[PDB]
>>> print(open('entry08.pdb').read())   # PDB, C-alpha atoms
ATOM      1  CA  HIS A   1     268.209  66.310  22.083  1.00  0.00           C
ATOM      2  CA  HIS A   2     270.557  63.589  20.832  1.00  0.00           C
ATOM      3  CA  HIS A   3     272.873  64.433  17.942  1.00  0.00           C
ATOM      4  CA  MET A   4     271.252  64.157  14.494  1.00  0.00           C
ATOM      5  CA  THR A   5     272.812  63.300  11.136  1.00  0.00           C
ATOM      6  CA  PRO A   6     271.667  65.035   7.916  1.00  0.00           C
ATOM      7  CA  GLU A   7     269.911  61.846   6.794  1.00  0.00           C
ATOM      8  CA  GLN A   8     268.034  61.723  10.111  1.00  0.00           C
ATOM      9  CA  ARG A   9     267.115  65.424   9.819  1.00  0.00           C
ATOM     10  CA  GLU A  10     265.885  64.873   6.254  1.00  0.00           C
ATOM     11  CA  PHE A  11     263.780  61.879   7.331  1.00  0.00           C
ATOM     12  CA  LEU A  12     262.316  63.642  10.358  1.00  0.00           C
ATOM     13  CA  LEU A  13     261.320  66.561   8.121  1.00  0.00           C
ATOM     14  CA  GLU A  14     259.817  64.153   5.554  1.00  0.00           C
ATOM     15  CA  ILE A  15     257.808  62.323   8.241  1.00  0.00           C
ATOM     16  CA  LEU A  16     256.499  65.577   9.735  1.00  0.00           C
ATOM     17  CA  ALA A  17     255.464  66.726   6.232  1.00  0.00           C
ATOM     18  CA  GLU A  18     253.749  63.372   5.583  1.00  0.00           C
ATOM     19  CA  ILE A  19     251.857  63.586   8.903  1.00  0.00           C
ATOM     20  CA  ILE A  20     250.783  67.153   8.019  1.00  0.00           C
ATOM     21  CA  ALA A  21     249.580  66.008   4.561  1.00  0.00           C
ATOM     22  CA  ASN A  22     247.224  63.484   6.203  1.00  0.00           C
ATOM     23  CA  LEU A  23     246.283  64.970   9.569  1.00  0.00           C
ATOM     24  CA  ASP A  24     246.083  68.361  11.300  1.00  0.00           C
ATOM     25  CA  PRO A  25     249.095  68.141  13.654  1.00  0.00           C
ATOM     26  CA  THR A  26     247.046  70.060  16.270  1.00  0.00           C
ATOM     27  CA  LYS A  27     245.392  66.671  16.896  1.00  0.00           C
ATOM     28  CA  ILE A  28     248.648  64.886  17.775  1.00  0.00           C
ATOM     29  CA  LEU A  29     250.071  67.887  19.696  1.00  0.00           C
ATOM     30  CA  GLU A  30     247.280  67.821  22.352  1.00  0.00           C
ATOM     31  CA  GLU A  31     249.480  67.090  25.343  1.00  0.00           C
ATOM     32  CA  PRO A  32     252.348  69.437  24.451  1.00  0.00           C
ATOM     33  CA  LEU A  33     249.766  72.190  23.773  1.00  0.00           C
ATOM     34  CA  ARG A  34     248.270  71.680  27.263  1.00  0.00           C
ATOM     35  CA  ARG A  35     251.799  71.928  28.657  1.00  0.00           C
ATOM     36  CA  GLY A  36     252.575  75.241  26.896  1.00  0.00           C
ATOM     37  CA  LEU A  37     254.951  74.023  24.145  1.00  0.00           C
ATOM     38  CA  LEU A  38     253.674  76.866  21.967  1.00  0.00           C
ATOM     39  CA  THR A  39     250.608  79.102  21.914  1.00  0.00           C
ATOM     40  CA  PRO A  40     247.537  78.423  19.766  1.00  0.00           C
ATOM     41  CA  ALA A  41     248.394  81.495  17.664  1.00  0.00           C
ATOM     42  CA  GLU A  42     251.999  80.295  17.210  1.00  0.00           C
ATOM     43  CA  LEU A  43     250.803  76.870  16.041  1.00  0.00           C
ATOM     44  CA  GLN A  44     248.328  78.583  13.677  1.00  0.00           C
ATOM     45  CA  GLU A  45     251.223  80.562  12.153  1.00  0.00           C
ATOM     46  CA  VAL A  46     253.238  77.357  11.682  1.00  0.00           C
ATOM     47  CA  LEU A  47     250.365  75.646   9.832  1.00  0.00           C
ATOM     48  CA  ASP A  48     248.858  78.514   7.750  1.00  0.00           C
ATOM     49  CA  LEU A  49     250.025  79.581   4.262  1.00  0.00           C
ATOM     50  CA  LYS A  50     252.401  76.805   3.318  1.00  0.00           C
ATOM     51  CA  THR A  51     253.063  73.383   1.905  1.00  0.00           C
ATOM     52  CA  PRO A  52     253.572  70.503   4.371  1.00  0.00           C
ATOM     53  CA  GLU A  53     257.362  70.782   3.817  1.00  0.00           C
ATOM     54  CA  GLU A  54     257.545  74.434   4.869  1.00  0.00           C
ATOM     55  CA  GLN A  55     255.304  73.676   7.848  1.00  0.00           C
ATOM     56  CA  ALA A  56     257.647  70.823   8.843  1.00  0.00           C
ATOM     57  CA  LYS A  57     260.652  73.175   8.827  1.00  0.00           C
ATOM     58  CA  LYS A  58     258.905  75.485  11.325  1.00  0.00           C
ATOM     59  CA  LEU A  59     257.341  72.627  13.332  1.00  0.00           C
ATOM     60  CA  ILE A  60     260.648  70.764  13.881  1.00  0.00           C
ATOM     61  CA  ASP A  61     261.787  73.484  16.352  1.00  0.00           C
ATOM     62  CA  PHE A  62     258.891  72.622  18.658  1.00  0.00           C
ATOM     63  CA  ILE A  63     259.227  68.856  18.107  1.00  0.00           C
ATOM     64  CA  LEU A  64     262.843  69.023  19.341  1.00  0.00           C
ATOM     65  CA  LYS A  65     261.718  70.768  22.579  1.00  0.00           C
ATOM     66  CA  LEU A  66     259.356  67.898  23.540  1.00  0.00           C
ATOM     67  CA  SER A  67     259.909  66.178  26.883  1.00  0.00           C
ATOM     68  CA  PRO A  68     260.048  62.347  26.843  1.00  0.00           C
ATOM     69  CA  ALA A  69     256.385  62.018  27.934  1.00  0.00           C
ATOM     70  CA  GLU A  70     255.334  64.643  25.376  1.00  0.00           C
ATOM     71  CA  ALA A  71     257.177  62.776  22.606  1.00  0.00           C
ATOM     72  CA  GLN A  72     255.454  59.534  23.659  1.00  0.00           C
ATOM     73  CA  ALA A  73     252.053  61.308  23.758  1.00  0.00           C
ATOM     74  CA  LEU A  74     252.602  62.477  20.196  1.00  0.00           C
ATOM     75  CA  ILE A  75     253.472  58.928  19.052  1.00  0.00           C
ATOM     76  CA  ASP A  76     250.455  57.498  20.933  1.00  0.00           C
ATOM     77  CA  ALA A  77     248.220  60.166  19.363  1.00  0.00           C
ATOM     78  CA  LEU A  78     249.349  59.218  15.831  1.00  0.00           C
ATOM     79  CA  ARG A  79     248.433  55.597  16.614  1.00  0.00           C
ATOM     80  CA  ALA A  80     245.105  56.641  18.160  1.00  0.00           C
ATOM     81  CA  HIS A  81     244.191  58.544  14.939  1.00  0.00           C
ATOM     82  CA  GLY A  82     245.029  55.507  12.752  1.00  0.00           C
ATOM     83  CA  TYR A  83     248.675  56.049  11.671  1.00  0.00           C
ATOM     84  CA  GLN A  84     250.788  53.149  12.968  1.00  0.00           C
ATOM     85  CA  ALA A  85     253.494  53.368  10.273  1.00  0.00           C
ATOM     86  CA  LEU A  86     253.980  57.134  10.714  1.00  0.00           C
ATOM     87  CA  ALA A  87     254.105  56.650  14.506  1.00  0.00           C
ATOM     88  CA  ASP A  88     256.836  54.016  14.061  1.00  0.00           C
ATOM     89  CA  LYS A  89     258.803  56.164  11.593  1.00  0.00           C
ATOM     90  CA  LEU A  90     258.538  59.239  13.822  1.00  0.00           C
ATOM     91  CA  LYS A  91     259.695  57.328  16.931  1.00  0.00           C
ATOM     92  CA  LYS A  92     262.694  56.024  14.921  1.00  0.00           C
ATOM     93  CA  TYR A  93     263.934  59.441  13.726  1.00  0.00           C
ATOM     94  CA  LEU A  94     263.073  61.543  16.809  1.00  0.00           C
ATOM     95  CA  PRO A  95     266.385  62.322  18.555  1.00  0.00           C
ATOM     96  CA  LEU A  96     264.637  62.172  21.921  1.00  0.00           C
ATOM     97  CA  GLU A  97     264.285  59.537  24.604  1.00  0.00           C
TER      98      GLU A  97
END
>>> encode(input="entry08.pdb", output="structure tokens")
Amino acid sequence: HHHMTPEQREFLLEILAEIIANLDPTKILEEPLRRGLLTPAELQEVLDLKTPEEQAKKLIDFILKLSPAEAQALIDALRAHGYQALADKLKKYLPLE
């Protein structure tokens, strides 16, 4: 991934938490899940037993391993579920091409 500043990290974490507050991220992670980004059980562990902020801190590790097409799929999926602003914010702060 591209270098990230602390402000960028903070924003990316905030956006991931905001997505999680509104929408099960399983729904936007379709393509990366099909491509073995993490197992179903691993994603379940990330999402169970926590606030959206704590989930975001675990989820960011997988977000930063996305390929370019996987990152785009995630952004497209946010838009397809009705979240244009979050898709735009996520695309801005993702340190990926």
>>> residues_around(input="entry08.pdb", residues="stretch 32-48 of chain A", least_positions_apart="6", cutoff="6 Å", atoms="all atoms listed in the file", output="PyMOL selection string")
chain A and resi 55+58+70
>>> atom_distance(input="entry08.pdb", atom1="atom CA of residue A:13", atom2="atom CA of residue A:29")
16.2 Å
>>> closest_residue(input="entry08.pdb", among="A:1, A:27, A:9, A:60", to="residue A:76", atoms="only C-alpha atoms")
A:27
>>> residues_around(input="entry08.pdb", residues="residue A:91", least_positions_apart="6", cutoff="9 Å", atoms="only C-alpha atoms", output="short mmCIF file (atom, residue, chain, number, x, y, z; two decimals) with C-alpha atoms, keeping the file's coordinate frame")
data_model
loop_
_atom_site.label_atom_id
_atom_site.label_comp_id
_atom_site.auth_asym_id
_atom_site.auth_seq_id
_atom_site.Cartn_x
_atom_site.Cartn_y
_atom_site.Cartn_z
CA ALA A 71 257.18 62.78 22.61
CA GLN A 72 255.45 59.53 23.66
CA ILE A 75 253.47 58.93 19.05
#
>>> resolve_selection(input="entry08.pdb", expression="the PyMOL selection byres ((chain A and resi 77) around 10)", output="list in words")
residues 25, 27, 28, 29, 30, 31, 71, 72, 73, 74, 75, 76, 78, 79, 80, 81, 82, 83, 84 and 87 of chain A
>>> atom_distance(input="entry08.pdb", atom1="atom CA of residue A:96", atom2="atom CA of residue A:3")
9.4 Å
>>> closest_residue(input="entry08.pdb", among="A:4, A:63, A:56, A:94", to="residue A:19", atoms="all atoms listed in the file")
A:56
>>> closest_residue(input="entry08.pdb", among="A:69, A:57, A:95, A:86", to="residue A:23", atoms="all atoms listed in the file")
A:86
>>> closest_residue(input="entry08.pdb", among="A:2, A:7, A:22, A:12", to="residue A:92", atoms="only C-alpha atoms")
A:12
>>> atom_distance(input="entry08.pdb", atom1="atom CA of residue A:59", atom2="atom CA of residue A:93")
14.7 Å
>>> closest_residue(input="entry08.pdb", among="A:15, A:20, A:65, A:50", to="residue A:88", atoms="all atoms listed in the file")
A:15
>>> closest_residue(input="entry08.pdb", among="A:53, A:61, A:24, A:97", to="residue A:11", atoms="all atoms listed in the file")
A:53
>>> build_atoms(input="entry08.pdb", residues="stretch 41-64 of chain A", atoms="N, CA and C atoms", output="CSV table (one decimal), in the frame of the given file")
chain,number,residue,atom,x,y,z
A,41,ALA,N,248.1,80.6,18.8
A,41,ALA,CA,248.4,81.5,17.7
A,41,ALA,C,249.7,81.1,17.0
A,42,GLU,N,250.7,80.7,17.8
A,42,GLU,CA,252.0,80.3,17.2
A,42,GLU,C,251.9,79.0,16.4
A,43,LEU,N,251.1,78.1,16.8
A,43,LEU,CA,250.8,76.9,16.0
A,43,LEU,C,250.1,77.2,14.8
A,44,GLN,N,249.1,78.1,14.8
A,44,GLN,CA,248.3,78.6,13.7
A,44,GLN,C,249.3,79.2,12.6
A,45,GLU,N,250.2,80.0,13.1
A,45,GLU,CA,251.2,80.6,12.2
A,45,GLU,C,252.1,79.5,11.5
A,46,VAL,N,252.5,78.5,12.2
A,46,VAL,CA,253.2,77.4,11.7
A,46,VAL,C,252.5,76.6,10.6
A,47,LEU,N,251.2,76.4,10.8
A,47,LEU,CA,250.4,75.6,9.8
A,47,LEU,C,249.7,76.4,8.7
A,48,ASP,N,249.5,77.7,8.8
A,48,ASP,CA,248.9,78.5,7.8
A,48,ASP,C,249.8,78.8,6.6
A,49,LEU,N,249.3,79.0,5.4
A,49,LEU,CA,250.0,79.6,4.3
A,49,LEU,C,251.3,78.9,3.8
A,50,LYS,N,251.3,77.5,3.8
A,50,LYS,CA,252.4,76.8,3.3
A,50,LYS,C,252.1,75.4,3.0
A,51,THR,N,253.1,74.8,2.3
A,51,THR,CA,253.1,73.4,1.9
A,51,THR,C,253.5,72.6,3.2
A,52,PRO,N,253.1,71.3,3.2
A,52,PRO,CA,253.6,70.5,4.4
A,52,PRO,C,255.1,70.5,4.7
A,53,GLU,N,255.9,70.7,3.6
A,53,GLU,CA,257.4,70.8,3.8
A,53,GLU,C,257.8,72.0,4.6
A,54,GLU,N,257.2,73.2,4.3
A,54,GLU,CA,257.5,74.4,4.9
A,54,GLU,C,257.0,74.4,6.3
A,55,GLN,N,255.9,73.9,6.5
A,55,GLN,CA,255.3,73.7,7.8
A,55,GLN,C,256.2,72.8,8.7
A,56,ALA,N,256.7,71.7,8.1
A,56,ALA,CA,257.6,70.8,8.8
A,56,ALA,C,258.9,71.5,9.3
A,57,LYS,N,259.4,72.4,8.5
A,57,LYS,CA,260.7,73.2,8.8
A,57,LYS,C,260.4,74.1,10.0
A,58,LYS,N,259.2,74.7,10.2
A,58,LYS,CA,258.9,75.5,11.3
A,58,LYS,C,258.6,74.6,12.5
A,59,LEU,N,257.8,73.5,12.3
A,59,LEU,CA,257.3,72.6,13.3
A,59,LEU,C,258.5,71.9,14.0
A,60,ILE,N,259.5,71.5,13.3
A,60,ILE,CA,260.6,70.8,13.9
A,60,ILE,C,261.2,71.4,15.1
A,61,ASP,N,261.3,72.8,15.2
A,61,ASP,CA,261.8,73.5,16.4
A,61,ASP,C,261.0,73.1,17.6
A,62,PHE,N,259.7,73.0,17.5
A,62,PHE,CA,258.9,72.6,18.7
A,62,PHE,C,259.0,71.1,19.0
A,63,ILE,N,259.0,70.3,17.9
A,63,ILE,CA,259.2,68.9,18.1
A,63,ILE,C,260.5,68.5,18.9
A,64,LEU,N,261.6,69.3,18.6
A,64,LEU,CA,262.8,69.0,19.3
A,64,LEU,C,262.9,69.5,20.8
